[PDB]
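The structure appears right after this line, and notes come after that.
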Amino acid sequence: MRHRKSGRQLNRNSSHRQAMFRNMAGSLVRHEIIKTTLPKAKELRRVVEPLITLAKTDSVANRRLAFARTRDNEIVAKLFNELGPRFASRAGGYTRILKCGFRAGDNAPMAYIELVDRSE
Amino acid sequence: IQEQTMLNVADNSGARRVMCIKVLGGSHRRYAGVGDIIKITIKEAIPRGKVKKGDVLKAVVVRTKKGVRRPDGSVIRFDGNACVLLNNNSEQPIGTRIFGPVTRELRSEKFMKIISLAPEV
Amino acid sequence: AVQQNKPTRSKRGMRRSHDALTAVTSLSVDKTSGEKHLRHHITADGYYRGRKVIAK
RNA sequence: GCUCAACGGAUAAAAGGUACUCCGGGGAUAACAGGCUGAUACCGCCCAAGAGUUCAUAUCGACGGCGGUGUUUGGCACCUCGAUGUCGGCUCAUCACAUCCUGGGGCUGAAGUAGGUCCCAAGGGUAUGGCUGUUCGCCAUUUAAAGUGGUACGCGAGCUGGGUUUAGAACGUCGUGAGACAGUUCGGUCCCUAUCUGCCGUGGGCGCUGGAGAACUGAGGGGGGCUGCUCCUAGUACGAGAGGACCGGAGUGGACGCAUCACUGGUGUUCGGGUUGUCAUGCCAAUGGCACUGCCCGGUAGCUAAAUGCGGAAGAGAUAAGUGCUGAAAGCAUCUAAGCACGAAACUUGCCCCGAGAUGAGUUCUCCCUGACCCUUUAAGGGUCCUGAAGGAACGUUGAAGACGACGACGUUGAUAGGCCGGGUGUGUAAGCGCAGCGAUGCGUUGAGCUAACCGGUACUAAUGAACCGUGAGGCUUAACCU
RNA sequence: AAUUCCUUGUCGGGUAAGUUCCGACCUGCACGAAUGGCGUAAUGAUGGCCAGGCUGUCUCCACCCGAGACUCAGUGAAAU
RNA sequence: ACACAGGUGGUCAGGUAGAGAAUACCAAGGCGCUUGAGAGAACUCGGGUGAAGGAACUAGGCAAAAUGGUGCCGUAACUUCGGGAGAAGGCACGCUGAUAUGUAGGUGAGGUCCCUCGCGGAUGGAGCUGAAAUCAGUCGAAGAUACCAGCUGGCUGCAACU
RNA sequence: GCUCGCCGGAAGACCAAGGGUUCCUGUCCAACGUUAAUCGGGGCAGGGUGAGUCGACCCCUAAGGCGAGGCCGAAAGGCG
RNA sequence: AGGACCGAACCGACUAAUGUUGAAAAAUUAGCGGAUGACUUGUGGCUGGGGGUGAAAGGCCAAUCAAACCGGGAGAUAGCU
């Protein structure tokens, strides 16, 4: 059974889950608000928010870890230069989820996941 | 230990590799390996040993890879499975000298002679 | 595997008794724009609770 | 003029194989199963010649007799030939008692130990292997015992196909030959998405008489009922010795069932590290992809067993075979007829689970609703406006609950999830820099750096105020009580 | 014996236990010399047996990872 | 019968590792296979890993597990002298540096000389490429590190064999 | 458009067979596409296939076919 | 040199599992055999039904074979359903 277990399989293997969460976190850092299904947003909190908690401290090894995750140097640069000072006083909850309407192609519960102090 | 288990022999008179044909004691006892007595065939024997190949006689397990559990939770695991050969009717040690470690679990009745002869308890 | 006798339209209706849709029964009304929305959902013009959360 | 002798004579004239088969029919007719029967088979009882030192019945029972079961070989051809799959094994069972063990007894040619035989008793239990396709059987070693039968010789819309039981091939035998064998050998396709009953789980509606939230009573129903060995009694009783108690106690096991993860481990593709080959991030360095998680080495939570705790009882009622007391019929006598007391793992309770849909719908505690009007075919009703109560339901964050419903926790009067801070754990001294070294590499910083599902804290993020359902004092008859 | 009904014949051997196997004996129901008789190195997706390694075949199952199965949206059969 | 997991002759053939047209990762180039979204029961399919035992399973080691490469030792009963034979059993494999600023070997610009004086020969002898071995160091539990890649031996029947 | 994954002695590129307009452009989404479709190999129009050197045709044969006369056969016809 | 050895393409089909209203009117996934030859494949052609062809199985002759398919006799016959 699934007792005291965390993580959502999302009907894909572990390599695909890690690849989707890397691409998804890069998209969230770049755009700062994205539309994704609600379970994927709930699992996205657990990959985007550790990167910002890393990015509160700026060092060479920390830049290398936030490169090893998500493998995108522009996302590393945004995480360390633009965000970080954006979220330094904030103690968690950098990402906020707003449930939105159902997808037309298939009835999926959808949501908007956004960084909290987005300007617009 | 189980049936179809090969064991080394601690004692001298018992010779080399032995196989457990039956787990004595119990109606459907599957696995017995601490102080239990098992019926034994001799699968391979050296001629200096008194017993010979194809001979059935009892034995007592003295070393088990599964290992005993002590009351505090300690697990003494001995590498290799070992037996001390015993007569069928008497259940007394054929071998004059026991070799290798033995456990304090074999302290009851005829196994007192085994822990007396064996060096490390 | 197969049926031995043909089920009745009565049995079809008794089986389909629980295939009846559930209405929403409550549609929340937002404060800053009185348009109705699903509760805990955006207003389809872009508001959650009193604030314009999404521009689109 | 006919052994047209198949003698009411098919023609003057005619043998076989088919497993390579095909067609029309039949349960008119065999094979499986069921059904009638029970000769046979099994079990029981009757007489008792006798064997038993003598003594028919301790135990066997001659010649004969009478039944019971459906239980083996059969008899019949009632059912299905517009299809009821064949032995065996695997998985899962369930019943009878003609009881293998354990329980209670009687006789004994029962000193004890151990036996034989018969009666009562179905609660539980009732092996693993060598051989062979095997049920069997024989054998090895267990065990308290390794029961006998029914259940389509239980069970192929559950599994298998070793066997008979197709098509290829060979051997032995038969036949001229095709081929055949109540012989052998090798090989040889096992379909089904569950409508109904049935079970196993889990829910919606309504009822239970105003509506709610909880706690229950227990009518019933289910589970569980096994047993070994060592010691004390006690080397006592018993015994010529040898040996040796089948009362009453205590410990420790085998098997089984339940729960749990503190230990011992297992897994741990979501943690850490090593490393082969290649590709990429410009490059060195550091990383990421891919190759079963690339291959490994360890591993947290969770689940788990091989790990650990516990339980099958004691007791009470009524009993069965049996054993009696008093006691007449029948002055004695007698367990029974009037009475009375014992007596088993069986029965009813006792232990554990469900359980008032227990329509016989029960009880207790608490909560909440006490406003008008109109019409009327008035035990009764319909409608309008105002009012919506306790509470439920929905929605959201979710769970050591879960297929989905359901159940439980929380919703800003907040620790419900994620995040964040600290710790624990696990891996094993990260990156970078410096030093040594020709270099691989080593040393320092450094038990460092990462670290999950864990523990303790923290409103940073999402749990919005509503809205919905539910109403407005609850029928009619009759009794203690008061007008 | 690809053949022997009785038959699981009998001796030696291999296992605790061997209706299988090997060497045989000869009492060949019912072998026999081109319907070939008997041996034979190599070869065989051939038949039978033994052993070592190896292991979830098994004792006795356990965890994890994916595709179904369950729930929601769209399309939407079958035999009977 | 289908926008069907099947069938369909020939041509071309990059890098690295590699014997290779195996295999792995990628060039050029083309694709994600025309239903998705959740949860993370039983059960089914395809896998990974398992304490102790290890064939007790079973009609039968069916299936899984296992062995696997090169170099070098070695290696039988019988034989039809070929065999059997990768028999069986095993050892060394990584990286660095030195031998040797890269050796053995290959390929060959200049210079010089000779000649049919030019697509000529000769010590032609700079660069380029370069395997294997020995010694010493060094890392990990493990160097065929992945994919790839044999299980082995004995007795018998039949058929000589492909 | 940016990432990710897959093939890469192909799932890449080209000839042959075979198909026959499926190629390109515009418009549409009734039916087909196992879903939605703005998309399509779907509907509807309009375009597009340019050779002395590439194939065919052609010149020449193979296996073979037909085969004047001819031999044979009841007729059809067989052979050459 | 080898109807030699290991092994891809290629040819075949030994075991297992899945599928068996399939993806498929014999396929898929792991293993398997042969792989310089009694090999394999393309293009034509030839052999026609009581006939062909067969390293032989009642095998094959268009998903059809103990005598193909199509039309005719033909409304064969059917003491059978």
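Residue numbers (the numbering used here), protein chains in the order written: chain U, 970 to 1089; chain H, 29 to 149; chain Y, 369 to 424.
Beta carbons: idealized from backbone N, C-alpha and C, even for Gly.
At a beta-carbon threshold of 7 Å, the residues of chain U lying near Y/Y416 are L1067, ordered along the chain. Contact with chain Y is found for U/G1070, since one of that chain's Cβ atoms lies less than 8 Å from the residue's Cβ.
Relative to the Cα of U/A1046, the nearest Cα in the group U/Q987, U/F990, U/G995, U/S983 belongs to U/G995. Setting aside the 5 residues that flank it on each side, H/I74 is surrounded in the same chain by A43, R44, each with a C-beta closer than 8 Å to its C-beta; the list follows chain order.
Only buried fits U/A1010, as 16 or more other CB atoms lie within 10 angstroms of its CB. Judged by DSSP secondary structure, H/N36 falls within the beta strand (DSSP E) whose first and last residues are 34–37. Within the model, the alpha-carbon separation for U/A988 versus U/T1039 is close to 8 Å. Shown here, U/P1019 sits in a helix according to DSSP, grouped into three states. Only residues of its own chain outside the window of five on either side were considered, and among them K1025 have a CB closer than 8 Å to the CB of U/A1057, listed in chain order. Only residues of its own chain outside the window of five on either side were considered, and among them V103 have a CB closer than 8 Å to the CB of H/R97, listed in chain order.
Rounded to the nearest whole angstrom, the CA to CA distance from Y/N373 to H/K50 is 58 Å. CA-to-CA, the gap between U/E1018 and U/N1042 works out to about 17 Å.
Only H408, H409, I410, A412 from the stretch 395–415 of chain Y bring a Cβ to less than 7 Å from some Cβ of chain U.
Taken in chain order, the unbroken stretches of beta strand (DSSP E) that lie wholly in the stretch 971–1057 of chain U and span 3 residues or more are 1002–1006. In this structure, H/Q30 places its C-beta atom within 8 Å of the C-beta atom of H/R58.
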